[PDB]
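Asks: Data file my_file_0.csv (CSV, N, CA and C atoms and all ligand atoms) is appended below.
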chain,number,residue,atom,x,y,z
I,1,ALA,N,-11.3,0.6,-14.9
I,1,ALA,CA,-9.9,0.3,-15.1
I,1,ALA,C,-9.4,-0.7,-14.0
I,2,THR,N,-8.4,-1.5,-14.4
I,2,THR,CA,-7.8,-2.5,-13.6
I,2,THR,C,-6.3,-2.2,-13.6
I,3,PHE,N,-5.7,-2.0,-12.5
I,3,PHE,CA,-4.3,-1.7,-12.5
I,3,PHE,C,-3.4,-2.8,-12.0
I,4,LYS,N,-2.2,-2.8,-12.5
I,4,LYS,CA,-1.2,-3.8,-12.1
I,4,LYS,C,-0.5,-3.3,-10.9
I,5,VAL,N,-0.5,-4.0,-9.8
I,5,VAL,CA,0.2,-3.6,-8.6
I,5,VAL,C,1.3,-4.6,-8.2
I,6,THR,N,2.5,-4.2,-8.2
I,6,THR,CA,3.6,-5.0,-7.8
I,6,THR,C,4.0,-4.8,-6.3
I,7,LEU,N,3.9,-5.8,-5.6
I,7,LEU,CA,4.3,-5.8,-4.1
I,7,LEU,C,5.7,-6.3,-3.9
I,8,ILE,N,6.6,-5.5,-3.4
I,8,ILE,CA,7.9,-5.9,-3.1
I,8,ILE,C,8.2,-5.9,-1.6
I,9,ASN,N,8.6,-7.1,-1.1
I,9,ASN,CA,9.0,-7.2,0.3
I,9,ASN,C,10.5,-7.3,0.3
I,10,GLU,N,11.2,-6.1,0.4
I,10,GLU,CA,12.6,-5.9,0.4
I,10,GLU,C,13.3,-6.8,1.4
I,11,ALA,N,12.9,-6.9,2.6
I,11,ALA,CA,13.6,-7.8,3.6
I,11,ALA,C,13.5,-9.3,3.2
I,12,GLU,N,12.5,-9.7,2.6
I,12,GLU,CA,12.4,-11.1,2.4
I,12,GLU,C,12.7,-11.4,0.9
I,13,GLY,N,12.9,-10.3,0.2
I,13,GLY,CA,13.2,-10.5,-1.2
I,13,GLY,C,12.2,-11.2,-2.0
I,14,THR,N,10.9,-10.9,-1.8
I,14,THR,CA,9.7,-11.4,-2.5
I,14,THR,C,9.1,-10.4,-3.4
I,15,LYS,N,8.4,-10.9,-4.4
I,15,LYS,CA,7.7,-10.0,-5.3
I,15,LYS,C,6.3,-10.7,-5.7
I,16,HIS,N,5.3,-9.9,-5.6
I,16,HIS,CA,4.0,-10.5,-5.9
I,16,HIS,C,3.3,-9.5,-6.9
I,17,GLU,N,2.7,-10.0,-7.9
I,17,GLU,CA,2.0,-9.2,-8.9
I,17,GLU,C,0.5,-9.4,-8.7
I,18,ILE,N,-0.2,-8.3,-8.5
I,18,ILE,CA,-1.7,-8.5,-8.3
I,18,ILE,C,-2.4,-7.5,-9.3
I,19,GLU,N,-3.7,-7.7,-9.5
I,19,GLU,CA,-4.4,-6.8,-10.4
I,19,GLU,C,-5.5,-6.1,-9.5
I,20,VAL,N,-5.5,-4.8,-9.5
I,20,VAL,CA,-6.5,-4.1,-8.7
I,20,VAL,C,-7.5,-3.2,-9.4
I,21,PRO,N,-8.8,-3.3,-9.1
I,21,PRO,CA,-9.7,-2.4,-9.7
I,21,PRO,C,-9.5,-1.0,-9.2
I,22,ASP,N,-9.8,0.0,-10.1
I,22,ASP,CA,-9.6,1.3,-9.6
I,22,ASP,C,-10.5,1.7,-8.4
I,23,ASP,N,-11.5,0.9,-8.1
I,23,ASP,CA,-12.4,1.2,-7.0
I,23,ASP,C,-12.2,0.2,-5.8
I,24,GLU,N,-11.1,-0.5,-5.8
I,24,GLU,CA,-10.8,-1.4,-4.7
I,24,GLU,C,-9.5,-1.0,-4.0
I,25,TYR,N,-9.5,-1.1,-2.7
I,25,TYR,CA,-8.2,-0.7,-2.0
I,25,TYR,C,-7.2,-1.8,-2.2
I,26,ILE,N,-5.9,-1.4,-2.2
I,26,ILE,CA,-4.9,-2.4,-2.5
I,26,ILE,C,-4.9,-3.5,-1.5
I,27,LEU,N,-5.0,-3.2,-0.3
I,27,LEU,CA,-5.1,-4.3,0.7
I,27,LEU,C,-6.1,-5.4,0.4
I,28,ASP,N,-7.3,-5.0,0.2
I,28,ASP,CA,-8.4,-5.9,-0.1
I,28,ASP,C,-8.1,-6.8,-1.3
I,29,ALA,N,-7.6,-6.3,-2.3
I,29,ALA,CA,-7.3,-7.0,-3.5
I,29,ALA,C,-6.2,-8.1,-3.3
I,30,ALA,N,-5.1,-7.6,-2.6
I,30,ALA,CA,-4.0,-8.5,-2.3
I,30,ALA,C,-4.5,-9.8,-1.5
I,31,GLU,N,-5.4,-9.5,-0.5
I,31,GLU,CA,-5.9,-10.6,0.3
I,31,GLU,C,-6.7,-11.6,-0.6
I,32,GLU,N,-7.6,-11.0,-1.4
I,32,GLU,CA,-8.4,-11.8,-2.3
I,32,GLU,C,-7.6,-12.6,-3.2
I,33,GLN,N,-6.5,-12.1,-3.6
I,33,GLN,CA,-5.6,-12.8,-4.5
I,33,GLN,C,-4.6,-13.7,-3.8
I,34,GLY,N,-4.7,-13.8,-2.5
I,34,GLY,CA,-3.8,-14.8,-1.8
I,34,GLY,C,-2.6,-14.3,-1.1
I,35,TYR,N,-2.5,-13.0,-1.0
I,35,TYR,CA,-1.3,-12.5,-0.3
I,35,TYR,C,-1.7,-11.6,0.9
I,36,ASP,N,-1.4,-12.1,2.0
I,36,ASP,CA,-1.7,-11.4,3.3
I,36,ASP,C,-0.6,-10.4,3.5
I,37,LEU,N,-1.1,-9.2,4.0
I,37,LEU,CA,-0.2,-8.1,4.2
I,37,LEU,C,-0.5,-7.6,5.6
I,38,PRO,N,0.4,-6.9,6.3
I,38,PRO,CA,0.1,-6.5,7.6
I,38,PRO,C,-0.9,-5.4,7.7
I,39,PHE,N,-1.7,-5.4,8.8
I,39,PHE,CA,-2.7,-4.4,9.0
I,39,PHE,C,-3.2,-4.5,10.5
I,40,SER,N,-3.8,-3.5,10.9
I,40,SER,CA,-4.3,-3.4,12.3
I,40,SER,C,-5.7,-2.7,12.3
I,41,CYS,N,-5.6,-1.4,12.2
I,41,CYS,CA,-6.8,-0.6,12.1
I,41,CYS,C,-7.7,-0.7,10.9
I,42,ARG,N,-7.1,-0.9,9.7
I,42,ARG,CA,-7.8,-1.0,8.4
I,42,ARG,C,-8.6,0.2,8.2
I,43,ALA,N,-8.2,1.3,8.7
I,43,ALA,CA,-8.9,2.5,8.5
I,43,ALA,C,-8.1,3.8,8.2
I,44,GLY,N,-6.8,3.6,7.9
I,44,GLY,CA,-5.9,4.7,7.5
I,44,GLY,C,-5.6,5.5,8.7
I,45,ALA,N,-5.6,4.9,9.9
I,45,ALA,CA,-5.3,5.7,11.0
I,45,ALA,C,-4.1,5.2,11.8
I,46,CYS,N,-3.3,4.3,11.2
I,46,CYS,CA,-2.2,3.8,12.0
I,46,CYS,C,-1.0,3.7,11.1
I,47,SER,N,0.0,3.0,11.4
I,47,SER,CA,1.1,2.9,10.5
I,47,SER,C,1.4,1.4,10.1
I,48,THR,N,0.6,0.5,10.7
I,48,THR,CA,0.8,-0.9,10.4
I,48,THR,C,0.8,-1.3,8.9
I,49,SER,N,-0.1,-0.8,8.1
I,49,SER,CA,-0.2,-1.1,6.7
I,49,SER,C,0.6,-0.2,5.7
I,50,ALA,N,1.6,0.4,6.3
I,50,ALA,CA,2.4,1.3,5.5
I,50,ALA,C,3.3,0.6,4.5
I,51,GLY,N,3.3,1.3,3.3
I,51,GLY,CA,4.2,0.8,2.3
I,51,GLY,C,4.8,2.0,1.7
I,52,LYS,N,5.8,1.8,0.7
I,52,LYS,CA,6.4,3.0,0.1
I,52,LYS,C,6.4,2.9,-1.4
I,53,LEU,N,5.9,3.9,-2.0
I,53,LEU,CA,5.9,3.9,-3.5
I,53,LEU,C,7.2,4.0,-4.2
I,54,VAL,N,7.4,3.1,-5.1
I,54,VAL,CA,8.6,3.0,-6.0
I,54,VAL,C,8.3,3.8,-7.2
I,55,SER,N,7.1,3.4,-7.8
I,55,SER,CA,6.6,4.1,-9.0
I,55,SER,C,5.1,4.0,-9.0
I,56,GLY,N,4.5,4.9,-9.8
I,56,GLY,CA,3.0,5.0,-9.9
I,56,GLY,C,2.4,5.9,-8.9
I,57,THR,N,1.1,6.0,-9.0
I,57,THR,CA,0.4,6.9,-8.1
I,57,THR,C,-0.8,6.2,-7.5
I,58,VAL,N,-1.3,6.7,-6.3
I,58,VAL,CA,-2.4,6.1,-5.7
I,58,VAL,C,-3.3,7.2,-5.1
I,59,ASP,N,-4.5,6.9,-4.8
I,59,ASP,CA,-5.4,7.9,-4.2
I,59,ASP,C,-5.6,7.4,-2.7
I,60,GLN,N,-5.1,8.1,-1.7
I,60,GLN,CA,-5.3,7.6,-0.4
I,60,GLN,C,-6.0,8.7,0.5
I,61,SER,N,-6.9,9.4,-0.1
I,61,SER,CA,-7.6,10.5,0.6
I,61,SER,C,-8.3,10.2,1.8
I,62,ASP,N,-8.6,8.9,2.0
I,62,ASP,CA,-9.3,8.5,3.2
I,62,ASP,C,-8.3,8.4,4.4
I,63,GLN,N,-7.0,8.4,4.1
I,63,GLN,CA,-6.0,8.3,5.2
I,63,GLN,C,-6.0,9.5,6.1
I,64,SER,N,-5.5,9.3,7.3
I,64,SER,CA,-5.4,10.4,8.3
I,64,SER,C,-4.1,10.3,9.1
I,65,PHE,N,-3.4,9.3,9.0
I,65,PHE,CA,-2.2,9.2,9.8
I,65,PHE,C,-0.9,9.9,9.4
I,66,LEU,N,-0.7,9.8,8.1
I,66,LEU,CA,0.5,10.4,7.5
I,66,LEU,C,0.4,11.9,7.4
I,67,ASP,N,1.5,12.6,7.6
I,67,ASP,CA,1.5,14.0,7.4
I,67,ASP,C,1.9,14.3,5.9
I,68,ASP,N,1.8,15.6,5.5
I,68,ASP,CA,2.1,15.9,4.2
I,68,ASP,C,3.5,15.6,3.8
I,69,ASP,N,4.5,15.7,4.7
I,69,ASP,CA,5.8,15.4,4.3
I,69,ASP,C,6.0,13.9,4.1
I,70,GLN,N,5.3,13.1,4.9
I,70,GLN,CA,5.5,11.7,4.7
I,70,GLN,C,4.9,11.2,3.4
I,71,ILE,N,3.8,11.9,3.0
I,71,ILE,CA,3.1,11.6,1.8
I,71,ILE,C,4.0,11.9,0.6
I,72,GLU,N,4.7,13.1,0.8
I,72,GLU,CA,5.6,13.5,-0.3
I,72,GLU,C,6.7,12.5,-0.4
I,73,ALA,N,7.2,12.0,0.7
I,73,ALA,CA,8.3,11.1,0.7
I,73,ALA,C,7.9,9.7,0.0
I,74,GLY,N,6.6,9.6,-0.3
I,74,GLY,CA,6.0,8.4,-1.0
I,74,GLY,C,5.4,7.3,-0.1
I,75,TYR,N,5.2,7.6,1.2
I,75,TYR,CA,4.5,6.6,2.1
I,75,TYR,C,3.1,6.5,1.8
I,76,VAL,N,2.5,5.3,1.9
I,76,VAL,CA,1.1,5.0,1.6
I,76,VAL,C,0.6,4.0,2.6
I,77,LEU,N,-0.7,4.2,3.0
I,77,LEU,CA,-1.4,3.3,4.0
I,77,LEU,C,-2.1,2.3,3.1
I,78,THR,N,-1.6,1.1,2.9
I,78,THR,CA,-2.2,0.3,1.9
I,78,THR,C,-3.7,-0.1,2.2
I,79,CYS,N,-4.1,0.0,3.4
I,79,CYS,CA,-5.5,-0.4,3.7
I,79,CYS,C,-6.5,0.5,3.1
I,80,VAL,N,-6.1,1.8,2.8
I,80,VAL,CA,-7.1,2.7,2.3
I,80,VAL,C,-6.6,3.4,1.0
I,81,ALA,N,-5.7,2.7,0.3
I,81,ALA,CA,-5.2,3.3,-0.9
I,81,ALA,C,-5.7,2.6,-2.2
I,82,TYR,N,-6.2,3.5,-3.1
I,82,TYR,CA,-6.7,3.0,-4.5
I,82,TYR,C,-5.6,3.3,-5.5
I,83,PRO,N,-5.3,2.4,-6.3
I,83,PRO,CA,-4.3,2.7,-7.3
I,83,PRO,C,-4.9,3.6,-8.4
I,84,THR,N,-4.1,4.5,-8.9
I,84,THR,CA,-4.6,5.4,-9.9
I,84,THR,C,-3.8,5.3,-11.2
I,85,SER,N,-2.9,4.3,-11.2
I,85,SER,CA,-2.0,3.9,-12.3
I,85,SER,C,-1.4,2.6,-11.9
I,86,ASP,N,-0.6,2.0,-12.8
I,86,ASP,CA,0.1,0.7,-12.4
I,86,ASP,C,1.0,1.2,-11.3
I,87,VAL,N,1.2,0.5,-10.3
I,87,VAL,CA,2.0,0.9,-9.2
I,87,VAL,C,3.0,-0.1,-8.7
I,88,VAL,N,4.2,0.3,-8.2
I,88,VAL,CA,5.2,-0.6,-7.7
I,88,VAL,C,5.3,-0.1,-6.3
I,89,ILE,N,5.1,-1.0,-5.3
I,89,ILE,CA,5.2,-0.5,-3.9
I,89,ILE,C,5.9,-1.5,-3.0
I,90,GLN,N,6.7,-0.9,-2.1
I,90,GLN,CA,7.4,-1.7,-1.1
I,90,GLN,C,6.5,-1.8,0.1
I,91,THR,N,6.3,-3.1,0.5
I,91,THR,CA,5.4,-3.3,1.7
I,91,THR,C,6.3,-3.4,2.9
I,92,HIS,N,5.6,-3.6,4.0
I,92,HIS,CA,6.2,-3.8,5.3
I,92,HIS,C,7.1,-2.6,5.7
I,93,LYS,N,6.7,-1.4,5.5
I,93,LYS,CA,7.5,-0.2,5.8
I,93,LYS,C,7.2,0.5,7.1
I,94,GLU,N,6.3,-0.1,7.9
I,94,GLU,CA,5.9,0.5,9.1
I,94,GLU,C,7.1,1.1,9.9
I,95,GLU,N,8.2,0.3,9.9
I,95,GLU,CA,9.4,0.7,10.7
I,95,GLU,C,10.1,2.0,10.3
I,96,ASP,N,10.0,2.4,9.0
I,96,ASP,CA,10.6,3.5,8.5
I,96,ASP,C,10.2,4.8,9.0
I,97,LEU,N,9.1,4.8,9.7
I,97,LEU,CA,8.7,6.1,10.2
I,97,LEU,C,9.6,6.6,11.3
I,98,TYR,N,9.7,5.7,12.3
I,98,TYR,CA,10.5,5.8,13.5
I,98,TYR,C,12.0,5.9,13.4
I,101,LIG,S1,-4.0,-0.8,9.0
I,101,LIG,FE1,-4.0,1.2,10.1
I,101,LIG,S2,-3.5,2.6,8.5
I,101,LIG,FE2,-3.6,0.7,7.4
Output the structure of this file as structure tokens.
Replies:
Amino acid sequence: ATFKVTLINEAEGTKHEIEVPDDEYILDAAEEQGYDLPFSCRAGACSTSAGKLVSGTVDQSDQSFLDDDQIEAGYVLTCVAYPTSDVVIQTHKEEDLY
């Protein structure tokens, strides 16, 4: 499967549509398709690549930084997240934690 992933940068008011394989992380696909996103660790252990789900679901089992409540609130580490449906996600949310 190939899912449609919509990236929304709220602060800059931009929107990018990318197509992501069910076996590829969102971050990797975005880059491949021409859209650079913030990252640091690239391993699900930090907050740099955080985004927030608007709609859809993802599989981010490889992550380790977010707690259960943050996950429930819809936070996702884009560097280790696989889409499991078409997804709409707000990027550049690292700040929201704090
Ligand atoms: S870059 Fe560190 S969790 Fe994504």
Asks: As a list in words, please: every protein or nucleic acid residue near ligand LIG 101 (chain I) (cut-off 6 Å, counting only N, CA and C atoms and all ligand atoms).
Replies: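 Result of the 6 Å neighbour search around ligand LIG 101 (chain I): residues 38, 39, 40, 41, 42, 43, 44, 45, 46, 47, 48, 49, 50, 77, 78, 79 and 80 of chain I.
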Asks: Rank I:56, I:29, I:21, I:72 by their smallest atom-to-atom distance to residue 2 of chain I, using all atoms listed in the file, and report the top residue only.
Replies: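 Ranked by minimum distance to residue 2 of chain I, first place goes to I:21.
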Asks: Can you list, as a list in words, every protein, DNA or RNA residue that comes within 12 Å of residue 98 of chain I when you count only C-alpha atoms, leaving out same-chain residues fewer than 4 positions away?
Replies: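 Neighbouring residues, sequence-local ones excluded: residues 47, 70, 93 and 94 of chain I.
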Asks: Which of these residues is nearest to residue 22 of chain I, using only N, CA and C atoms: I:37, I:1, I:71, I:87?
Replies: I:1
Asks: Would you work out the distance separating atom CA of residue 28 of chain I from atom C of residue 14 of chain I, expressed in Å to one decimal?
Replies: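 Pair atom CA of residue 28 of chain I / atom C of residue 14 of chain I returns 18.4 Å.
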Asks: Nearest to residue 3 of chain I: which of I:92, I:55, I:97, I:85 is it, counting only C-alpha atoms?
Replies: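 Result for the nearest residue to residue 3 of chain I: I:85.
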Asks: Return the single residue from I:52, I:35, I:76, I:69 that is closest to residue 16 of chain I, with distances computed using all atoms listed in the file.
Replies: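 Using all atoms listed in the file, the shortest distance to residue 16 of chain I belongs to I:35.
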Asks: Please report, as a list in words, each residue of segment 27-91 of chain I to which DSSP assigns alpha helix (DSSP H) when run on this structure's backbone.
Replies: residues 27, 28, 29, 30, 31, 32, 68, 69, 70, 71 and 72 of chain I
Asks: What is the distance between atom C of residue 74 of chain I and atom CA of residue 59 of chain I, in Å to one decimal?
Replies: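 Spanning atom C of residue 74 of chain I to atom CA of residue 59 of chain I is a straight-line distance of 11.6 Å.
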Asks: Select from chain I everything DSSP, run on the backbone, classes as strand (DSSP E or B), then give the selection as a count of residues only.
Replies: 33
Asks: Excluding same-chain residues fewer than 2 positions from segment 9-13 of chain I, what lies within 8 Å of it counting only C-alpha atoms, as a list in words?
Replies: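 Neighbouring residues, sequence-local ones excluded: residues 7, 15, 90, 91 and 92 of chain I.
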Asks: With distances taken over all atoms listed in the file, which of I:23, I:68, I:95, I:17 is nearest to residue 82 of chain I?
Replies: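 Between I:23, I:68, I:95, I:17, the residue approaching residue 82 of chain I most closely is I:23.
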Asks: Quick one, how far is atom CA of residue 31 of chain I from atom N of residue 18 of chain I?
Replies: 10.7 Å
Asks: Which residue is closest to residue 81 of chain I? Choose from I:32, I:24, I:67, I:96 and count all atoms listed in the file.
Replies: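 Looking at the shortest contact to residue 81 of chain I, the residue is I:24.
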Asks: Taking the block above, write segment 34-76 of chain I with N, CA and C atoms as a JSON list (two decimals), in the first residue's frame.
Replies:
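Heads up, here's the output in result_35.json:
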[["chain", "number", "residue", "atom", "x", "y", "z"],
["I", 34, "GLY", "N", 11.47, 15.79, -2.02],
["I", 34, "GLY", "CA", 11.80, 17.22, -2.10],
["I", 34, "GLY", "C", 11.44, 18.15, -0.98],
["I", 35, "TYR", "N", 10.96, 17.61, 0.11],
["I", 35, "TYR", "CA", 10.60, 18.45, 1.22],
["I", 35, "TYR", "C", 11.42, 18.10, 2.46],
["I", 36, "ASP", "N", 12.31, 18.98, 2.84],
["I", 36, "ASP", "CA", 13.15, 18.81, 4.03],
["I", 36, "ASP", "C", 12.32, 19.15, 5.28],
["I", 37, "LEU", "N", 12.46, 18.32, 6.31],
["I", 37, "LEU", "CA", 11.75, 18.48, 7.56],
["I", 37, "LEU", "C", 12.78, 18.48, 8.66],
["I", 38, "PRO", "N", 12.48, 19.06, 9.78],
["I", 38, "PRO", "CA", 13.48, 19.05, 10.82],
["I", 38, "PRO", "C", 13.74, 17.67, 11.45],
["I", 39, "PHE", "N", 14.98, 17.44, 11.83],
["I", 39, "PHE", "CA", 15.38, 16.22, 12.48],
["I", 39, "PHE", "C", 16.73, 16.43, 13.13],
["I", 40, "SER", "N", 17.08, 15.51, 14.01],
["I", 40, "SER", "CA", 18.35, 15.55, 14.72],
["I", 40, "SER", "C", 18.83, 14.12, 14.90],
["I", 41, "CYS", "N", 18.25, 13.42, 15.88],
["I", 41, "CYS", "CA", 18.60, 12.04, 16.15],
["I", 41, "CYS", "C", 18.23, 11.01, 15.07],
["I", 42, "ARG", "N", 17.08, 11.18, 14.40],
["I", 42, "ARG", "CA", 16.60, 10.26, 13.37],
["I", 42, "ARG", "C", 16.40, 8.89, 13.93],
["I", 43, "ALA", "N", 16.14, 8.83, 15.19],
["I", 43, "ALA", "CA", 15.97, 7.53, 15.80],
["I", 43, "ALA", "C", 14.82, 7.43, 16.80],
["I", 44, "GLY", "N", 13.94, 8.40, 16.83],
["I", 44, "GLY", "CA", 12.79, 8.37, 17.72],
["I", 44, "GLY", "C", 13.13, 8.59, 19.14],
["I", 45, "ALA", "N", 14.23, 9.29, 19.33],
["I", 45, "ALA", "CA", 14.62, 9.51, 20.69],
["I", 45, "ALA", "C", 14.75, 10.96, 21.07],
["I", 46, "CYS", "N", 14.16, 11.83, 20.28],
["I", 46, "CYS", "CA", 14.28, 13.20, 20.64],
["I", 46, "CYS", "C", 12.99, 13.90, 20.31],
["I", 47, "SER", "N", 12.95, 15.21, 20.26],
["I", 47, "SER", "CA", 11.66, 15.82, 19.93],
["I", 47, "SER", "C", 11.74, 16.66, 18.65],
["I", 48, "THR", "N", 12.94, 16.70, 18.08],
["I", 48, "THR", "CA", 13.13, 17.51, 16.89],
["I", 48, "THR", "C", 12.17, 17.28, 15.73],
["I", 49, "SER", "N", 11.90, 16.01, 15.44],
["I", 49, "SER", "CA", 11.03, 15.65, 14.32],
["I", 49, "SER", "C", 9.55, 15.49, 14.65],
["I", 50, "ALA", "N", 9.10, 16.08, 15.76],
["I", 50, "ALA", "CA", 7.74, 15.96, 16.16],
["I", 50, "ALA", "C", 6.78, 16.64, 15.26],
["I", 51, "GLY", "N", 5.67, 16.00, 15.13],
["I", 51, "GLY", "CA", 4.58, 16.52, 14.35],
["I", 51, "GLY", "C", 3.32, 16.19, 15.16],
["I", 52, "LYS", "N", 2.17, 16.69, 14.70],
["I", 52, "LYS", "CA", 0.90, 16.40, 15.41],
["I", 52, "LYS", "C", -0.16, 15.94, 14.44],
["I", 53, "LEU", "N", -0.75, 14.78, 14.72],
["I", 53, "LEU", "CA", -1.78, 14.25, 13.84],
["I", 53, "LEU", "C", -3.07, 15.05, 13.84],
["I", 54, "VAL", "N", -3.57, 15.33, 12.65],
["I", 54, "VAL", "CA", -4.82, 16.05, 12.44],
["I", 54, "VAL", "C", -5.83, 14.92, 12.17],
["I", 55, "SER", "N", -5.50, 14.02, 11.27],
["I", 55, "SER", "CA", -6.34, 12.87, 10.95],
["I", 55, "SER", "C", -5.44, 11.72, 10.48],
["I", 56, "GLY", "N", -5.97, 10.51, 10.57],
["I", 56, "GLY", "CA", -5.26, 9.31, 10.14],
["I", 56, "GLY", "C", -4.48, 8.64, 11.24],
["I", 57, "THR", "N", -3.88, 7.52, 10.91],
["I", 57, "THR", "CA", -3.11, 6.85, 11.92],
["I", 57, "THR", "C", -1.71, 6.51, 11.43],
["I", 58, "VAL", "N", -0.83, 6.27, 12.37],
["I", 58, "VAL", "CA", 0.54, 5.91, 12.03],
["I", 58, "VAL", "C", 1.03, 4.80, 12.95],
["I", 59, "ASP", "N", 2.10, 4.15, 12.55],
["I", 59, "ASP", "CA", 2.70, 3.14, 13.40],
["I", 59, "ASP", "C", 4.06, 3.75, 13.82],
["I", 60, "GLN", "N", 4.25, 4.09, 15.08],
["I", 60, "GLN", "CA", 5.53, 4.66, 15.50],
["I", 60, "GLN", "C", 6.13, 3.83, 16.64],
["I", 61, "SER", "N", 5.94, 2.53, 16.59],
["I", 61, "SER", "CA", 6.45, 1.65, 17.65],
["I", 61, "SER", "C", 7.94, 1.70, 17.93],
["I", 62, "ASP", "N", 8.72, 2.17, 16.95],
["I", 62, "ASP", "CA", 10.14, 2.28, 17.13],
["I", 62, "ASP", "C", 10.49, 3.49, 18.00],
["I", 63, "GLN", "N", 9.53, 4.39, 18.26],
["I", 63, "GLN", "CA", 9.83, 5.59, 19.08],
["I", 63, "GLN", "C", 10.04, 5.32, 20.55],
["I", 64, "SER", "N", 10.75, 6.21, 21.20],
["I", 64, "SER", "CA", 10.96, 6.00, 22.60],
["I", 64, "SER", "C", 10.86, 7.29, 23.40],
["I", 65, "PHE", "N", 10.78, 8.41, 22.76],
["I", 65, "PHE", "CA", 10.74, 9.68, 23.49],
["I", 65, "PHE", "C", 9.42, 10.13, 24.11],
["I", 66, "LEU", "N", 8.35, 9.91, 23.37],
["I", 66, "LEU", "CA", 7.04, 10.32, 23.80],
["I", 66, "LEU", "C", 6.45, 9.40, 24.82],
["I", 67, "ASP", "N", 5.72, 9.97, 25.78],
["I", 67, "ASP", "CA", 5.07, 9.12, 26.75],
["I", 67, "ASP", "C", 3.69, 8.79, 26.22],
["I", 68, "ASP", "N", 2.97, 7.92, 26.91],
["I", 68, "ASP", "CA", 1.66, 7.51, 26.52],
["I", 68, "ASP", "C", 0.66, 8.67, 26.38],
["I", 69, "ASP", "N", 0.74, 9.64, 27.28],
["I", 69, "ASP", "CA", -0.18, 10.75, 27.19],
["I", 69, "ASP", "C", 0.11, 11.60, 25.99],
["I", 70, "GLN", "N", 1.39, 11.74, 25.62],
["I", 70, "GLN", "CA", 1.71, 12.58, 24.46],
["I", 70, "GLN", "C", 1.23, 11.91, 23.17],
["I", 71, "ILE", "N", 1.31, 10.59, 23.18],
["I", 71, "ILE", "CA", 0.88, 9.81, 22.03],
["I", 71, "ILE", "C", -0.61, 9.96, 21.88],
["I", 72, "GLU", "N", -1.28, 9.86, 23.02],
["I", 72, "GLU", "CA", -2.71, 10.01, 22.94],
["I", 72, "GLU", "C", -3.13, 11.39, 22.45],
["I", 73, "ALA", "N", -2.37, 12.40, 22.80],
["I", 73, "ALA", "CA", -2.69, 13.73, 22.37],
["I", 73, "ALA", "C", -2.44, 13.90, 20.86],
["I", 74, "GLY", "N", -1.89, 12.85, 20.22],
["I", 74, "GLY", "CA", -1.62, 12.85, 18.76],
["I", 74, "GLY", "C", -0.21, 13.21, 18.27],
["I", 75, "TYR", "N", 0.76, 13.32, 19.19],
["I", 75, "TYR", "CA", 2.12, 13.65, 18.84],
["I", 75, "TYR", "C", 2.77, 12.44, 18.17],
["I", 76, "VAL", "N", 3.59, 12.71, 17.16],
["I", 76, "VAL", "CA", 4.28, 11.68, 16.39],
["I", 76, "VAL", "C", 5.72, 12.11, 16.09]]
